[PDB]
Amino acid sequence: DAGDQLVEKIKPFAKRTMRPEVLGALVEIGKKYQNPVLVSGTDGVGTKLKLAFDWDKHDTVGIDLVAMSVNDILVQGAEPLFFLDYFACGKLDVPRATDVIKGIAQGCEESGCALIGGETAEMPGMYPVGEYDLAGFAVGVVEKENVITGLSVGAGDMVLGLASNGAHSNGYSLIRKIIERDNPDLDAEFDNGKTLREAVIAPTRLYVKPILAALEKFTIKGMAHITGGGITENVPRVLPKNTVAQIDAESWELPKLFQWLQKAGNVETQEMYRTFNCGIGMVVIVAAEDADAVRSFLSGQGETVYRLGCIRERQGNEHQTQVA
């Protein structure tokens, strides 16, 4: 069987993601946790899969898949533990599927979680030749007293920003409409020694290792993963009803990729802040007394940290995240 051929080829990829907790697929919880709470989430890649088909580039969308879930569970303080993926298609292409799952496993390695199982469904006729669908599922563990809830966020807290690797996994319907409209030279140098194509399909950044190392030394009051809805619709999810996150627009330069998308797309700036991450992949809220020490740590871990702004008292039905 094709799927049986695929199962053997991916055994090496998954074997490198294993953890001592991995014993259906059985996972033990480390005695590290006294009162363990499980944090889980599911997601797909979105319309970025369309560029992966069109460009025949399948070895990175698996990193996008994993990041979408492990980064989501990360905001509660959870350490990612294990991951499962579901892969659906019409007729199985073992070399191309192997590439897809190889990237998944690679993203699991970077997140410190084990890829312990999955499912490859062949539905002949439901998918066009060459196309497929991906779903991922992540589970992490956090101590009950260490759950990051955002309830202590109050006026005076400083808003930090972790830089993103590009558009990540959101806003690609617009990126695709633009590219089909301009037919731009996708293989020309675009930024930081990467071609425009390389910048567009760049895999989503994982924040797991530096954020977890940070939590060993500091208290993080809240976090927001910047995905669907951009900055302004995602940060208010951890903010108390009475607080506003005020973002100074000049605290970070808009990366070149988003500068191109707004120009070509002719998008009002406030629509950009609610559509693309605009270079901000993860928002970390901390106490002002900790803001400097955390920024140095996260920068020393390899991240690019900005001081986006601070938390203030809300005035009425005021929007809870304003960039200006």
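Numbers follow the displayed sequence, beginning with 1.
The entry shows a gap from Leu23 to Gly24, with 4 to 9 unmodelled residues of the deposited sequence in between. The mean Cα B-factor in the deposited entry runs higher for 289-297 than for the other of 289-297 and 43-51. Stretch comparison (218-226 versus 180-188) by mean CA B-factor in the PDB entry places 180-188 on top.
Among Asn277, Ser69, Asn266, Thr60, the highest C-alpha B-factor recorded in the PDB entry belongs to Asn266.
Within the group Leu257, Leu38, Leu65, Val27, the record's highest C-alpha temperature factor is found at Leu257.
In the PDB entry, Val147 places in the middle third of its chain by CA B-factor. Sort the modelled residues of the chain by CA B factor and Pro12 lands in the lowest third.
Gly140: CA B factor lies in the lowest third for its chain, per the PDB record.
Sorting the modelled residues of the chain by their CA temperature factor places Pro240 in the middle third. Split the chain's modelled residues into thirds by C-alpha temperature factor. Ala97 is in the lowest one.
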